[PDB]
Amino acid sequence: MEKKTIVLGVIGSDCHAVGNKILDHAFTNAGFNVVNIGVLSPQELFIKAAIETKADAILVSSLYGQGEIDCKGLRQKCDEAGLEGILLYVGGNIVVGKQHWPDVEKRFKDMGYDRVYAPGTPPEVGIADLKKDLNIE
């Protein structure tokens, strides 16, 4: 809807790239300015980009399973960088193995993530949520 800016990438030692390209394509198609930092990205690159570009949200993708380690501490660091209240989304395959989804969702919300997505989430769900959260729907 409106020309909002998001930061998009894949965190930690994760090289999975196909979803990242689809996400970029879909969010771009939806009207967003996508700052795509790509794969194998540590937390600091998400924050640097968000500042540089005055992003409205950071979409963290995590597929390879070690997101439960990699995703800890992002909110704190965003706050310290002066990005208090920015929207924080995380999706993909964020934990190792099949688990009970509600327990997982809680776990990442407890880390400071605004929204948490399960395996196989269509981009259209995240686009709709983000338009809502940004009051542009």
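Numbering starts at 1 and runs along the sequence shown.
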{"query": "Segment of higher mean CA temperature factor, 74-82 or 94-102", "finding": "74-82"}
{"query": "Entry-level comparison of average CA B-factors, 37-45 and 50-58, reporting the higher stretch", "finding": "50-58"}
{"query": "Per the PDB entry, maximal CA B factor within 87, 69, 111, 26", "finding": "111"}
{"query": "Chain-relative CA temperature factor third for residue 6", "finding": "middle"}
